[PDB]
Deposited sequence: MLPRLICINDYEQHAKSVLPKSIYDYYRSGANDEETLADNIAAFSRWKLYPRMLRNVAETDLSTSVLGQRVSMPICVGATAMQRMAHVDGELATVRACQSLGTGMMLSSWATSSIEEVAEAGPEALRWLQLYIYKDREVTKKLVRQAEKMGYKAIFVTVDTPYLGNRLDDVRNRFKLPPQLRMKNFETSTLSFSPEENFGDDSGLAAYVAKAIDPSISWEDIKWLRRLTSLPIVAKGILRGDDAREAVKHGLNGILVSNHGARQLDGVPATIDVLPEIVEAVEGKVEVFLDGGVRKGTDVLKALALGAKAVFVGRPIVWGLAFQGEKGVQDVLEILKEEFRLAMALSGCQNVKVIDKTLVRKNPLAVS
């Protein structure tokens, strides 16, 4: 059990208990961290226009992601090597997701195997985040493992031909196959739409393009037969000076013309952030850093607590805005 009542409290506690180099690795954005600040600031510029007297006695937060039911439109995003935050790492995370009835996106650079996570969370909704590695044999092996171990989708990260320049990591230096050296050597900078065609042919699993920021790229992902877009700037860790994901979301929703689900990550810290993303047409949002702060506090119980805080904040935001369920969250609730 100190008393942590919002996501910011979990971050402040994590700073107090993590070694500075580990806290800095988790916290940091690219270069001058303009986008890191904007992912949060942009949510505040979108104002809520709540409806009164709707009857919100029995708020229902449940929705579906790529045809699978979830308890809430708030899911765990991929964050590499969770065992740095807590000894149980990804196993703690999947156990919390199982408890909450939400989905976990497992990093393909995890400190737990695809099989181990599936064995720890057999009833959990689980997706695999994938890089198309220079080694296409190990890429293929991960997708086959995901299929065999009951994972329900592939999130292919498309914004990382190279790793971003996070200054604190350079100052501090530095389980399915840790230093930026070895990761940089593994990731293929040549990845093209031809490689998306190869991945689409490799699996019948739903594939989501993670890291799209342009309407024209979203349209190309639909044309390649992908099943969703995760509007993401990689938590502002790749190219600094890109827009906030909440500011780009409306463009992407407009561009895909309802053909695939659109998701958002980047800067989600509060229930009102979730409400604004759904009002602008996202099906669900993903959280990265909040999950790591949960792990740092108390492993599985810490992740469960973070997810329960976001769930309760989202329920209250829905109720106060006059929304009894996610289907009645509409564009007129928000204006910038």
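Several segments of the deposited sequence have no coordinates for C-alpha: 2, 176-183, 187-203, 363-368, numbered from the first residue.
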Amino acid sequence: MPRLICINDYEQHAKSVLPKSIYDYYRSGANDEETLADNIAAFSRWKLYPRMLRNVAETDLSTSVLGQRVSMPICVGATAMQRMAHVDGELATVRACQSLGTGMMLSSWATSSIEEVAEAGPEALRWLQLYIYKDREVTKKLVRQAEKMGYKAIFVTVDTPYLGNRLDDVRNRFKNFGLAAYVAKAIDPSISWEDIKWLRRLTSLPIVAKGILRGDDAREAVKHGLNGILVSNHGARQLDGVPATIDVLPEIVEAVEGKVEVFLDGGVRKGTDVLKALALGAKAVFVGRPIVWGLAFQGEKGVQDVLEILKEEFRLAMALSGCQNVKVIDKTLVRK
From here on, numbers count along this sequence of modelled residues.
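In this text, the rigid core denotes the largest set of C-alpha atoms whose superposition between the two forms falls within 1.5 Å.
RMS Cα deviation from the shown model in 9 other deposited structures of this protein, rigid core fit, is larger for 180-188 than for the other stretch of the pair 180-188 / 100-108.
A summary of the deposited B-factors shows that, of 222-230 and 115-123, the stretch with the larger mean C-alpha value is 115-123.
Between the stretches 198-206 and 234-242, it is 198-206 that shows the larger average CA temperature factor. In the deposited coordinates, the residue among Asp169, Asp159, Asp265, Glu251 with the greatest CA B-factor is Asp169. When the Cα B-factors of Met72, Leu130, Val138, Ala92 are read from the PDB record, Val138 comes out highest. In the deposited entry, the Cα temperature factor of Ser321 places it in the lowest third of its chain's modelled residues. Remark: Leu280 belongs to the lowest third of its chain, ranked by C-alpha B-factor as recorded. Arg214: CA B factor lies in the lowest third for its chain, per the PDB record. Among the modelled residues of its chain, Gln298 has a C-alpha B-factor that falls in the highest third, as given in the PDB entry. Among the modelled residues of the chain, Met81 sits in the highest third by CA temperature factor in this PDB entry.
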